[PDB]
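Structure first, commentary second.
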Amino acid sequence: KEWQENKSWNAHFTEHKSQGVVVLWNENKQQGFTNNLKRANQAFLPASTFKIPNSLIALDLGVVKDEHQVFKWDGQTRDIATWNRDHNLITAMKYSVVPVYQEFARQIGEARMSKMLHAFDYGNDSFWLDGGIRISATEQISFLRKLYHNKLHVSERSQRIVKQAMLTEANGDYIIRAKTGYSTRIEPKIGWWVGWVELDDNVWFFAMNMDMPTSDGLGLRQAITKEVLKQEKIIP
Amino acid sequence: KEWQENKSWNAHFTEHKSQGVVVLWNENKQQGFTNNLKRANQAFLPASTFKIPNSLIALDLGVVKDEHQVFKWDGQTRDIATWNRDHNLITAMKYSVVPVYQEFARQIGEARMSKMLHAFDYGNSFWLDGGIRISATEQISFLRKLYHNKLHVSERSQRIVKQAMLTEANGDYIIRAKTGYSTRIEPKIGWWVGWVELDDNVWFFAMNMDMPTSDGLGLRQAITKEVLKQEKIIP
Ligand SMILES: *C(=O)[C@H]([C@@H](C)O)[C@H]1C[C@@H](SCC/N=C/N)C(C(=O)O)=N1
Ligand SMILES: *C(=O)[C@H]([C@@H](C)O)[C@H]1C[C@@H](SCC/N=C\N)C(C(=O)O)=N1
Ligand SMILES: [Br-]
Ligand SMILES: [Br-]
Ligand SMILES: [Br-]
Ligand SMILES: [Br-]
Ligand SMILES: [Br-]
């Protein structure tokens, strides 16, 4: 619908010698805001943000029975400690456990994965890491709004379970449901944070990506998004 | 002399795809604020902001008798229309009439210019392409002496220059200020320095910003005012 460029948010990026985009969508007012309309509409690899639709499809097809089912560690030690243990959907999403999601994708199969992504109108195996799938910030928001309103073609149940699994932060002021991403297999190397802020009276959808040349800057994904949310008085 | 960085003002620069510093000084609270403590303390060529001390010295030495004395156009046409006419101190300051100020400087002479700038503790054609340099915070320090009539020149000299600095006034505020554009030496910068008089307080300000072309000159005032609006110093 209607979009507005707010170049003042660029200050949040330059303060950290960083480049990227934040996109906000005010659900009540049906209005979007971004520091960079062009980058807002540039498609990148989803990386770990692909765990949202992967989770939805796995649940809807019964590849994942529920958020309690245990996926046993395969015993192969990997360089992220949190991966080297048993997981359920909740902890697999929280710790971005690629091995668990690769197994989901194999059991889903490329034919069913394709029909589901087409039905989700999601962007355009390992394809979400080093393959052809691409999605923009504004496309992330468009997908997330369908998930929020249970409007994706999968069961309501599938959508409620994934939204539970997206829980990141909650207090008396706000709830954040979101997914982090880090795309390194193809240039440019970017960090993602996509999801939404639930308030008493409104929802603010958000999608941000930023240049991530090294691991060191990963915290800026959350820190820069929150600086924008603070500035717009969406959270304290 | 306590200073505080307020990085939120950087929004006013980035909104205009621009880089620079604004420095504010709250006279009542004796506190300063800037978006960039480092750039606040970087010295640049004063350019037309040098007309403030040049005016003060010219008046104190009797090179300029008063704000009404006429400086006759020398008849040489220059690329700034407003320069191609007679001027007094008021219009020479308003239109930044370099030829008038060069004549002041010649009659002052380098010896008296030097002793006066030392007595003013001012910074470290010389103000355009020479050795004189001043920071935003040094501008504020000089302007506060002018405001309080504490520069070593006559009170009269100081009142006349403050009159000549008048830029804008209404029922909300008075601005006394001088614009500058430094182009002879890199980096090319715009200046706006002066103060905002309110009923109960004075806010000193000094801003400079990268000015690669003529196109952005209005941002000197526009960005300073966005900061003054945000801090609720003016509506
Ligand atoms: C999601 O964005 C994941 C999270 C851990 O940052 C990344 C992990 C990579 S594969 C493993 C690379 N790092 C190993 N130490 C990934 C992907 O390539 O899509 N998602
Ligand atoms: C002050 O900053 C001046 C205003 C007009 O922008 C600016 C003009 C330049 S050119 C000097 C003119 N040369 C001969 N008449 C200038 C400077 O060079 O310092 N200041
Ligand atoms: Br929940
Ligand atoms: Br991640
Ligand atoms: Br007098
Ligand atoms: Br006056
Ligand atoms: Br000027």
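Quick check on B:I234: is it more than 16 Å from ligand 4 (Cβ to nearest atom) and under 30 Å from B:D79 (Cβ atoms)?
no
Which helices (runs of 4 or more DSSP H) does segment B:1-71 wholly contain that include 3 or more residues that are within 13 Å of chain A (Cβ to nearest Cβ)?
Filter on segment B:1-71 gives B:10-14.
Looking only at segment A:18-62, count every residue that is closer than 16 Å to A:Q159 by Cβ, surrounded by 15 or more Cβ atoms within 10 Å (Cβ to Cβ) and of a type outside the set (D, E, K, R) and tell me the total.
Count: 9.
Can B:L219 be described as more than 16 Å from ligand 1 (Cβ to nearest atom), aliphatic (A, V, I, L, M), within 14 Å of chain A (Cβ to nearest Cβ) and surrounded by 13 or more Cβ atoms within 10 Å (Cβ to Cβ)?
Judged against the criteria, B:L219 is a match.
Can you tell me which residue among A:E198, A:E156, A:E187, A:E139 is more than 14 Å from every other protein chain (Cβ to nearest Cβ), closer than 30 Å to A:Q19 by Cβ, loosely packed, with under 15 Cβ neighbours inside 10 Å and away from ligand 2 (no atom under 16 Å from the Cβ)?
Values: A:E198 fails: loosely packed, with under 15 Cβ neighbours inside 10 Å; A:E156 fails: closer than 30 Å to A:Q19 by Cβ; A:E139 fails: loosely packed, with under 15 Cβ neighbours inside 10 Å.
The unique qualifying residue is A:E187.
Against the condition within 16 Å of ligand 6 (Cβ to nearest atom) and either more than 23 Å from B:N88 (Cα to Cα) or not charged (D, E, K, R) (or both), how does B:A206 come out, does it pass?
On the way: within 16 Å of ligand 6 (Cβ to nearest atom): no; either more than 23 Å from B:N88 (Cα to Cα) or not charged (D, E, K, R) (or both): yes.
When the stated conditions are applied, B:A206 does not pass them.
Quick check on my filter: what residues within segment B:193-234 are of a type in the set (D, E) and over 15 Å from B:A169 (Cα atoms)? Write out each step before concluding.
Within segment B:193-234, the subset of a type in the set (D, E) is B:197, B:199-200, B:210, B:215, B:226, B:231.
Residues satisfying the conditions are B:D200, B:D210, B:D215, B:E226, B:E231.
Quickly run through segment A:157-189 and pick out the residues that are near ligand 1 (Cβ under 10 Å from one of its atoms) and part of a strand (DSSP E or B).
Answer for segment A:157-189, where residues must be near ligand 1 (Cβ under 10 Å from one of its atoms) and part of a strand (DSSP E or B): A:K179, A:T180, A:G181, A:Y182, A:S183.
Scan segment A:164-182 for residues that are more than 16 Å from ligand 3 (Cβ to nearest atom) and either surrounded by fewer than 20 Cβ atoms within 10 Å (Cβ to Cβ) or farther than 17 Å from A:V22 by Cβ (or both) and jot them down.
Here is the first cut: in segment A:164-182, the ones more than 16 Å from ligand 3 (Cβ to nearest atom) are A:173, A:180-182.
Selection gives A:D173, A:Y182.
Given the condition over 30 Å from B:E226 (Cβ atoms), crowded, with 19+ Cβ neighbours inside 10 Å and not aromatic (F, W, Y), answer yes or no: does some residue in segment B:74-89 qualify?
yes
In the list A:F127, A:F120, which residue meets the criterion of being closer than 24 Å to A:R185 by Cβ and surrounded by fewer than 18 Cβ atoms within 10 Å (Cβ to Cβ)?
Of A:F127, A:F120, the one residue that is closer than 24 Å to A:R185 by Cβ and surrounded by fewer than 18 Cβ atoms within 10 Å (Cβ to Cβ) is A:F127.
Using ideal geometry, Cβ is built from the backbone for each residue, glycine included, and neighbour counts are taken over all protein chains shown. Where a number appears in this text, it was derived from the coordinates with a stated rule and is not lab data.
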